[PDB]
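Structure first, then comments.
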Amino acid sequence: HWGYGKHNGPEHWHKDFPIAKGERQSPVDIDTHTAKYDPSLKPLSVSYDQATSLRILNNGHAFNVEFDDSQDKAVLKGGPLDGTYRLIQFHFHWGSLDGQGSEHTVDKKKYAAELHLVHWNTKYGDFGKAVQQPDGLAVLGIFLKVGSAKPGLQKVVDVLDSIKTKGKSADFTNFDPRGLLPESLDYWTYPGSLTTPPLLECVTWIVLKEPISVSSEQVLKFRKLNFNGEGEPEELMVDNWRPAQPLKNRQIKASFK
Ligand SMILES: CC(=O)O[C@@H]1[C@H](O)[C@@H](O)[C@@H](O)O[C@@H]1COS(N)(=O)=O
Ligand SMILES: [Zn+2]
(Lines give C-alpha, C1' and ligand atoms only; values in the text may rest on other atoms or scores of the structure.)
(Ligands and ions follow the chains in the order given, each with its own letter.)
Protein backbone atom coordinates (compact mmCIF):
# COMPACT_ATOMS: atom_id res chain seq x y z
CA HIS A 1 0.00 0.00 0.00
CA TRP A 2 1.12 3.60 0.64
CA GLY A 3 4.37 4.71 2.25
CA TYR A 4 7.32 7.05 1.81
CA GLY A 5 9.67 4.96 -0.36
CA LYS A 6 10.49 5.62 -4.01
CA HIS A 7 7.81 3.25 -5.26
CA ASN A 8 4.89 4.03 -2.93
CA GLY A 9 5.66 7.56 -1.72
CA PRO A 10 3.68 10.83 -1.88
CA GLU A 11 4.15 11.05 -5.66
CA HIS A 12 2.07 7.90 -6.06
CA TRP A 13 -0.74 8.51 -3.56
CA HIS A 14 -3.08 10.25 -6.02
CA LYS A 15 -3.69 7.00 -7.88
CA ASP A 16 -5.47 5.37 -4.93
CA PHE A 17 -6.48 8.67 -3.34
CA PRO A 18 -7.53 11.20 -6.03
CA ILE A 19 -8.20 13.81 -3.31
CA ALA A 20 -4.37 14.05 -3.19
CA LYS A 21 -4.72 16.68 -5.92
CA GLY A 22 -7.72 18.29 -4.24
CA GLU A 23 -8.78 21.82 -3.32
CA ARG A 24 -7.33 22.01 0.21
CA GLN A 25 -4.34 19.69 0.59
CA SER A 26 -1.65 19.73 3.29
CA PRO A 27 1.00 20.48 4.11
CA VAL A 28 1.83 23.81 2.45
CA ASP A 29 4.67 26.30 2.46
CA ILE A 30 3.98 29.16 4.84
CA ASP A 31 5.11 32.34 3.11
CA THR A 32 5.44 34.60 6.16
CA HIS A 33 5.16 37.72 4.00
CA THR A 34 1.86 36.71 2.43
CA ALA A 35 0.06 35.57 5.60
CA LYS A 36 -2.47 38.10 6.89
CA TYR A 37 -2.59 39.12 10.56
CA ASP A 38 -6.16 38.56 11.74
CA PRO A 39 -7.05 40.69 14.77
CA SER A 40 -10.40 38.85 14.92
CA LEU A 41 -8.73 35.60 16.00
CA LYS A 42 -9.46 34.86 19.68
CA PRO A 43 -6.62 33.70 21.96
CA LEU A 44 -5.58 30.05 21.48
CA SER A 45 -6.52 27.87 24.45
CA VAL A 46 -4.66 24.63 25.07
CA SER A 47 -6.25 22.84 28.04
CA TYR A 48 -4.17 19.73 28.67
CA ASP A 49 -4.20 19.58 32.49
CA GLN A 50 -6.43 16.47 32.62
CA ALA A 51 -4.75 14.76 29.65
CA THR A 52 -4.75 10.97 29.94
CA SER A 53 -2.16 9.23 27.78
CA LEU A 54 -2.70 5.50 27.34
CA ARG A 55 -0.40 3.94 24.80
CA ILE A 56 2.34 4.42 22.21
CA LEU A 57 2.01 2.59 18.87
CA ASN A 58 4.29 2.07 15.88
CA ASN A 59 1.81 1.97 12.97
CA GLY A 60 4.37 1.52 10.19
CA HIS A 61 4.13 5.20 9.16
CA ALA A 62 5.02 7.00 12.39
CA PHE A 63 4.42 6.46 16.11
CA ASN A 64 1.26 7.61 17.87
CA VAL A 65 0.97 8.52 21.51
CA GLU A 66 -2.73 7.89 22.13
CA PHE A 67 -4.99 9.59 24.67
CA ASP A 68 -8.26 8.80 26.39
CA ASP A 69 -10.71 10.96 24.45
CA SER A 70 -13.94 9.48 25.86
CA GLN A 71 -14.43 12.77 27.74
CA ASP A 72 -13.24 16.37 27.44
CA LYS A 73 -9.97 15.71 29.29
CA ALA A 74 -7.56 17.50 26.97
CA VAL A 75 -8.93 20.04 24.52
CA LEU A 76 -7.99 22.75 22.07
CA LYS A 77 -10.21 25.85 21.79
CA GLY A 78 -10.05 29.47 20.65
CA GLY A 79 -7.92 30.87 17.85
CA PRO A 80 -9.71 30.14 14.57
CA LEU A 81 -11.69 27.31 16.16
CA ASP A 82 -15.41 27.24 16.86
CA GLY A 83 -16.32 24.94 19.74
CA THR A 84 -14.34 22.19 21.45
CA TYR A 85 -11.73 19.89 19.91
CA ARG A 86 -10.59 16.85 21.90
CA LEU A 87 -7.01 15.50 21.89
CA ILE A 88 -6.92 11.97 20.46
CA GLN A 89 -3.23 11.48 19.65
CA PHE A 90 0.07 13.08 18.77
CA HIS A 91 2.83 11.93 16.40
CA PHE A 92 5.87 13.26 14.56
CA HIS A 93 7.27 13.43 11.03
CA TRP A 94 11.06 13.58 10.73
CA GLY A 95 13.98 13.31 8.36
CA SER A 96 17.06 11.24 7.68
CA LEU A 97 19.13 14.40 8.21
CA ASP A 98 18.68 17.51 10.38
CA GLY A 99 18.03 19.63 7.29
CA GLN A 100 14.71 17.98 6.46
CA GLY A 101 11.75 16.24 8.04
CA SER A 102 9.01 18.82 8.57
CA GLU A 103 5.84 18.73 6.51
CA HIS A 104 5.02 22.42 6.58
CA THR A 105 7.82 24.75 5.57
CA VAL A 106 8.34 28.39 6.58
CA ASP A 107 9.54 30.50 3.67
CA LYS A 108 10.64 27.19 2.14
CA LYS A 109 12.71 26.34 5.22
CA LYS A 110 12.48 22.69 6.31
CA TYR A 111 12.83 21.79 9.99
CA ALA A 112 14.32 18.58 11.35
CA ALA A 113 10.87 17.40 12.41
CA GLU A 114 7.26 18.34 13.04
CA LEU A 115 4.99 17.33 15.90
CA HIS A 116 1.27 17.01 15.26
CA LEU A 117 -1.24 17.08 18.10
CA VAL A 118 -4.47 15.82 16.57
CA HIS A 119 -7.86 16.93 17.94
CA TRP A 120 -11.43 16.21 16.77
CA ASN A 121 -14.48 18.48 16.93
CA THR A 122 -16.74 17.07 19.68
CA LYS A 123 -19.91 18.29 17.94
CA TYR A 124 -19.44 15.29 15.60
CA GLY A 125 -19.50 12.68 18.36
CA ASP A 126 -16.53 10.56 17.23
CA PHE A 127 -13.27 10.78 15.28
CA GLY A 128 -14.54 8.66 12.41
CA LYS A 129 -17.46 11.01 11.85
CA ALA A 130 -15.33 14.13 12.34
CA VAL A 131 -12.95 13.29 9.47
CA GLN A 132 -15.91 13.47 7.07
CA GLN A 133 -16.51 17.15 7.98
CA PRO A 134 -14.75 20.27 6.64
CA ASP A 135 -14.21 21.42 10.25
CA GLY A 136 -13.89 17.97 11.85
CA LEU A 137 -10.26 18.15 13.03
CA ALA A 138 -7.79 20.65 14.43
CA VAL A 139 -4.13 19.72 14.27
CA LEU A 140 -1.59 21.73 16.23
CA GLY A 141 1.76 21.61 14.44
CA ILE A 142 5.06 22.36 16.15
CA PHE A 143 8.45 22.48 14.44
CA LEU A 144 11.48 20.75 15.91
CA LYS A 145 15.01 22.07 15.32
CA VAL A 146 18.16 20.34 16.55
CA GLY A 147 19.81 22.12 19.48
CA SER A 148 19.62 21.46 23.20
CA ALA A 149 17.63 18.48 24.49
CA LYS A 150 13.90 18.73 25.20
CA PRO A 151 13.40 17.18 28.64
CA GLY A 152 9.65 16.79 28.10
CA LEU A 153 10.39 14.60 25.07
CA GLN A 154 12.76 12.16 26.77
CA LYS A 155 10.01 9.83 28.08
CA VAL A 156 8.90 9.35 24.47
CA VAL A 157 12.46 8.81 23.32
CA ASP A 158 13.06 6.26 26.10
CA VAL A 159 10.18 3.97 25.07
CA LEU A 160 10.96 3.81 21.30
CA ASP A 161 13.24 0.77 21.81
CA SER A 162 10.12 -1.14 22.83
CA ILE A 163 8.11 -0.30 19.69
CA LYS A 164 10.83 -0.65 17.07
CA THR A 165 8.72 -2.31 14.42
CA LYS A 166 5.33 -1.97 12.74
CA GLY A 167 2.44 -3.15 14.90
CA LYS A 168 4.23 -2.92 18.25
CA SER A 169 2.72 -0.94 21.09
CA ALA A 170 3.61 -0.20 24.70
CA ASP A 171 1.80 1.15 27.75
CA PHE A 172 2.34 4.92 27.85
CA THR A 173 0.43 6.39 30.78
CA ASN A 174 0.88 9.66 32.67
CA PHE A 175 2.69 11.52 29.89
CA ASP A 176 2.09 15.29 29.91
CA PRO A 177 1.79 16.79 26.39
CA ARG A 178 2.38 20.25 27.86
CA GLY A 179 6.10 19.44 28.03
CA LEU A 180 6.22 19.58 24.23
CA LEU A 181 4.89 23.16 23.77
CA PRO A 182 7.13 26.16 23.07
CA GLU A 183 6.77 29.31 25.22
CA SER A 184 4.75 31.22 22.62
CA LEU A 185 1.47 30.15 21.04
CA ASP A 186 1.77 32.60 18.11
CA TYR A 187 0.58 30.67 15.06
CA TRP A 188 -0.41 30.60 11.41
CA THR A 189 -3.70 28.97 10.42
CA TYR A 190 -5.28 27.71 7.19
CA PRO A 191 -7.85 25.09 6.06
CA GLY A 192 -6.27 21.82 4.95
CA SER A 193 -6.18 18.03 5.05
CA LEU A 194 -4.61 15.01 6.68
CA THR A 195 -1.05 14.65 5.33
CA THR A 196 -1.28 10.87 4.89
CA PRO A 197 -3.89 8.84 3.05
CA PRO A 198 -6.84 9.07 3.14
CA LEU A 199 -5.81 12.77 2.83
CA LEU A 200 -9.30 13.88 3.91
CA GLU A 201 -9.92 17.61 3.72
CA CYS A 202 -11.21 17.95 7.25
CA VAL A 203 -8.44 19.85 9.04
CA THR A 204 -8.00 23.30 10.46
CA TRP A 205 -4.24 23.62 10.68
CA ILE A 206 -2.73 25.62 13.52
CA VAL A 207 1.05 25.82 13.05
CA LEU A 208 3.12 27.46 15.80
CA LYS A 209 5.70 30.08 14.81
CA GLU A 210 8.19 29.10 17.50
CA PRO A 211 10.02 25.77 17.14
CA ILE A 212 11.02 23.60 20.07
CA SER A 213 14.62 22.39 20.24
CA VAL A 214 15.53 18.72 20.58
CA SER A 215 19.02 17.23 20.84
CA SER A 216 20.81 15.35 18.09
CA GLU A 217 20.73 12.27 20.35
CA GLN A 218 16.95 12.58 20.70
CA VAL A 219 16.22 12.77 16.95
CA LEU A 220 18.74 10.01 16.31
CA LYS A 221 16.53 7.68 18.35
CA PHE A 222 13.48 8.51 16.16
CA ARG A 223 15.59 7.41 13.17
CA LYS A 224 16.24 3.99 14.75
CA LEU A 225 12.57 3.06 14.34
CA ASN A 226 11.44 0.71 11.55
CA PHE A 227 8.77 1.03 8.83
CA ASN A 228 8.77 -2.78 8.63
CA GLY A 229 7.26 -5.39 10.93
CA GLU A 230 9.34 -7.65 13.19
CA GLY A 231 11.31 -10.30 11.33
CA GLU A 232 11.25 -8.38 8.04
CA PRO A 233 14.21 -6.72 6.29
CA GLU A 234 15.05 -3.50 8.09
CA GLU A 235 13.79 -0.23 6.58
CA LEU A 236 14.63 2.67 8.87
CA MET A 237 11.66 4.94 9.68
CA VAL A 238 13.01 8.21 8.26
CA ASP A 239 11.68 10.90 5.92
CA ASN A 240 8.07 10.05 6.75
CA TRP A 241 6.92 13.52 5.61
CA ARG A 242 4.75 14.70 2.72
CA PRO A 243 6.21 17.69 0.86
CA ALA A 244 4.44 21.04 0.50
CA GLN A 245 1.35 21.05 -1.72
CA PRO A 246 -0.02 23.96 -3.81
CA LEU A 247 -1.81 26.60 -1.72
CA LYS A 248 -4.41 27.11 -4.44
CA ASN A 249 -7.45 29.17 -3.38
CA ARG A 250 -6.58 29.54 0.31
CA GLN A 251 -5.31 32.18 2.66
CA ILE A 252 -3.02 31.67 5.62
CA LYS A 253 -3.96 33.84 8.60
CA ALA A 254 -1.48 34.87 11.31
CA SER A 255 -2.24 35.38 15.03
CA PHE A 256 0.51 38.01 15.29
CA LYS A 257 2.02 40.92 13.36
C1 LIG B 1 -4.80 11.93 12.49
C2 LIG B 1 -4.10 10.95 11.60
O3 LIG B 1 -4.65 10.60 10.52
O4 LIG B 1 -2.89 10.66 11.85
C5 LIG B 1 -2.16 9.84 10.95
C6 LIG B 1 -1.44 8.73 11.61
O7 LIG B 1 -2.14 8.04 12.61
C8 LIG B 1 -0.12 9.15 12.02
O9 LIG B 1 0.59 8.15 12.67
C10 LIG B 1 0.69 9.77 10.97
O11 LIG B 1 1.08 8.82 10.02
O12 LIG B 1 0.07 10.91 10.41
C13 LIG B 1 -1.28 10.64 9.98
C14 LIG B 1 -1.88 11.85 9.27
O15 LIG B 1 -2.31 12.83 10.14
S16 LIG B 1 -1.71 14.18 10.20
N17 LIG B 1 -0.28 14.30 9.56
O18 LIG B 1 -2.69 14.70 9.25
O19 LIG B 1 -2.05 15.15 11.24
ZN1 LIG C 1 1.08 14.29 11.02
Side-chain angles (χ1 to χ4, degrees), residues 1-5 8-10 13 16-17 19-20 22 24-28 30 53-67 69 74 76 81 85-95 100-105 110-121 124 126-144 156 159-160 163-170 172 177 180 187-208 222 225-229 235 237-245:
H1 220 64
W2 72 271
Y4 297 96
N8 65 356
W13 298 349
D16 274 26
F17 306 93
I19 198 163
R24 48 176 289 177
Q25 290 289 292
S26 299
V28 300
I30 298 164
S53 64
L54 299 166
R55 196 177 76 138
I56 200 326
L57 166 72
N58 178 339
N59 66 13
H61 303 111
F63 65 85
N64 294 173
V65 170
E66 299 162 350
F67 290 78
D69 64 347
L76 189 59
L81 301 175
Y85 289 73
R86 203 174 283 176
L87 177 68
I88 175 167
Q89 52 109 320
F90 74 72
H91 59 273
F92 298 83
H93 305 264
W94 63 89
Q100 69 198 238
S102 68
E103 298 212 297
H104 294 90
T105 55
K110 301 177 164 101
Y111 285 92
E114 190 173 327
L115 160 67
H116 290 155
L117 294 123
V118 184
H119 315 73
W120 56 274
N121 192 327
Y124 301 118
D126 65 55
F127 177 88
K129 297 294 180 342
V131 299
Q132 307 177 52
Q133 319 305 139
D135 59 350
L137 302 190
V139 185
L140 182 59
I142 301 181
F143 298 115
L144 280 62
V156 168
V159 80
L160 300 183
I163 57 156
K164 184 185 194 183
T165 51
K166 181 180 46 191
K168 299 291 204 50
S169 67
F172 202 69
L180 302 175
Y187 64 81
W188 297 281
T189 183
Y190 78 95
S193 75
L194 303 170
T195 63
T196 63
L199 299 166
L200 298 169
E201 298 181 319
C202 61
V203 184
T204 297
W205 278 97
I206 305 175
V207 175
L208 300 184
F222 284 31
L225 288 167
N226 285 190
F227 283 126
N228 53 283
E235 306 163 77
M237 184 177 286
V238 297
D239 294 316
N240 59 346
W241 52 276
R242 188 190 196 192
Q245 303 300 303

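Counting starts at 1 for both ligands and their atoms, in listed order. What's counted below: heavy atoms across the whole structure, side chains too, no hydrogens, waters or symmetry copies. Index from 1, following the sequence.
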(message) If we check ring-ring contact (aromatic ring centres under 6.0 Å, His included) with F143, which of these qualifies: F92, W241, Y111, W94?
(response) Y111
(message) Among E103, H61, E114, exactly one meets side chain to side chain donor-acceptor pair (under 3.5 Å) together with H93. Which residue is that?
(response) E103
(request) Would you check whether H61 has a nitrogen or oxygen atom less than 3.5 angstrom from a nitrogen or oxygen atom of ligand 1? (result) no
(request) Taking the side chain as every heavy atom from C-beta outward, state whether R24 and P134 have any atom pair closer than 4.5 Å. (result) yes
(request) Determine whether the aromatic ring centres of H104 and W188 lie less than 6.0 Å apart. (result) no
(request) Quick one: do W2 and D16 satisfy side chain to side chain donor-acceptor pair (under 3.5 Å)? Show the steps, please. (result) CA-CA 9 Å; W2 72 271; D16 274 26; over 6 Å; no
(request) Report yes if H91 has an N/O atom closer than 3.5 Å to an N/O atom of ligand 1; otherwise report no. (result) yes
(request) Work out the angle at the Zn ion (ligand 2) between ND1 of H116 and NE2 of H91, rounded to 10°. (result) 120°
(request) Note the single closest protein heavy atom to atom 2 (C) of ligand 1, along with its residue, its atom name and the distance in Å. (result) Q89 NE2, 3.7 Å
(request) Mark the output for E103 as yes if a heavy-atom distance to ligand 1 is under 4.0 Å, and as no if none is. (result) yes
(message) Below 30° counts as parallel, above 60° as perpendicular, anything between as tilted: where do the rings of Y4 and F227 land?
(response) parallel
(request) Report yes or no: does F90 have a heavy atom closer than 4.0 Å to ligand 1? (result) no
(request) Considering heavy atoms of the protein only, find what lies nearest to atom 13 (C) of ligand 1 and give residue, atom and distance to 0.1 Å. (result) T196 OG1, 3.1 Å
(request) Note the single closest protein heavy atom to atom 9 (O) of ligand 1, along with its residue, its atom name and the distance in Å. (result) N64 ND2, 2.6 Å
(message) Please classify the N59 to ligand 1 contact at 4.0 Å (heavy-atom distances, strictly less than): side chain, backbone, both or neither.
(response) side chain
(message) Looking at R242 and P27, would you say the former's side chain and the latter's main chain have a donor-acceptor pair under 3.5 Å?
(response) no
(message) As an exercise, identify every atom of ligand 1 less than 4.0 angstrom from a heavy atom of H116.
(response) 17 (N), 19 (O)
(message) So, taking the atom named CD1 in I56 and the one named CG in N58, what distance separates them when rounded to the nearest 0.5 Å?
(response) 7.5 Å
(message) If I apply the N/O under 3.5 Å rule, does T195 come out as touching ligand 1?
(response) yes
(message) Does only the side chain of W120 get under 4.0 Å from ligand 1, or the backbone, or both, or neither? Count heavy atoms.
(response) neither
(request) With sequence neighbours left out, write down each residue that passes side-chain contact (heavy atoms from CB on, under 4.5 Å) with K168, or none if nothing qualifies. (result) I163, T165, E230
(request) Answer with side chain, backbone, both or neither: which part of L194 has a heavy atom less than 4.0 angstrom from an atom of ligand 1? (result) both
